[PDB]
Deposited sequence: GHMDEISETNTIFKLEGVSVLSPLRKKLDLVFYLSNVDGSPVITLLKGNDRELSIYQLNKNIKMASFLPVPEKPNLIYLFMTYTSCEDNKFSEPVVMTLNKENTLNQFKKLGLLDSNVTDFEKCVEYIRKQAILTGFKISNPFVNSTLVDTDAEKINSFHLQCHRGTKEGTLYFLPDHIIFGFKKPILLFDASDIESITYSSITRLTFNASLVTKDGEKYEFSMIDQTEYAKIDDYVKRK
């Protein structure tokens, strides 16, 4: 079914954290049944998750708070095989490894050290799989905060806001944001509340005050 002759892209060794925790392989390929492109995650030749094409709504490279050898690829989708999962695909690429793997595939020379070269390549194979992966931290920003009791990262992108990555992972299309109202708790720390056009409130608390400027500017 999938091999070197219909494989658009293939990266071994990704650390999938959603919609499941496991070290997997990431693969784009065209189905031999009907020439159609597919995203799958493999364990050897198991398929833990396949997404067919439309289907992928939004996808993006995101940085990992405080950890630069690392990077998230975040993908949301209308549906997958057997509706096995619904939650977004978050995985974590290691940079250095990624480079050495691209090197062992002969995709990039011994000397190259700029990861965005890998990234360029992934974004392009993806377009070949019917979908865009944005790369907005190459004008966006992210910060720490809490929902109820859980810490998360709130990322601010050109057209989305994402709050990650404890389940449930949230995505808000910017054009769905009626308002963001602010609230002090200390000189040092505040709470922000998003309001969706349909009236849902989402209480992002415990934000450091240094981030305030960046949020007002965003609106």
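Q. How would you list, in order, the spans of the deposited sequence that the model does not cover?
A. According to the record, the gaps fall at 1 to 4, 58 to 59, 145 to 156, 238 to 240.
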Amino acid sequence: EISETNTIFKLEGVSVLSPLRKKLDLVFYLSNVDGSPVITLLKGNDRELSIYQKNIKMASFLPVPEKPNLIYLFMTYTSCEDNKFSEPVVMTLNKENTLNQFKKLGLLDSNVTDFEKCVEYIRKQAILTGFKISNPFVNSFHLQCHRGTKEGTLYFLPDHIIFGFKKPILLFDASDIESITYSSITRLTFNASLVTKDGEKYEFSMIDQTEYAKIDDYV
From here on, numbers count along this sequence of modelled residues.
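Q) Which has the higher mean CA temperature factor in the PDB entry, 119 to 127 or 76 to 84? A) If you average the C-alpha B-factors of 76 to 84 and of 119 to 127, the larger mean comes out for 76 to 84.
Q. Got a sec? Mean C-alpha B-factor, which is higher, 11 to 19 or 198 to 206?
A. Per the PDB entry, the higher value belongs to 198 to 206.
Q. If you compare 157, 30, 62, 188, which has the highest Cα B-factor in the entry?
A. Out of 157, 30, 62, 188, the record gives the largest C-alpha B-factor to 188.
Q | Selection from 149, 98, 144, 134 [criterion: highest C-alpha temperature factor in the record] | A | The C-alpha B-factor peaks, among 149, 98, 144, 134, at 149.
Q) Considering only modelled residues of the same chain, in which third does the CA B-factor of residue 1 rank: lowest, middle or highest? A) According to the entry, residue 1 has a C-alpha B-factor in the chain's middle third.
Q. If you rank every modelled residue in this chain by C-alpha B factor, which third holds residue 139: lowest, middle or highest?
A. For residue 139, the deposited C-alpha B-factor lands in the highest third.
Q: Place residue 40 in the lowest, middle or highest third of its chain's C-alpha B-factors, as listed in the PDB entry.
A: It belongs to the lowest third of the chain when residues are ordered by C-alpha B-factor.
Q) According to the PDB entry, is the CA B factor of residue 113 in the bottom, middle or top third of its chain, that is, lowest, middle or highest? A) It belongs to the middle third of the chain when residues are ordered by C-alpha B-factor.
Q) Against its chain's modelled residues, does residue 177's Cα B factor rank lowest, middle or highest third? A) It falls in the top third of the chain.
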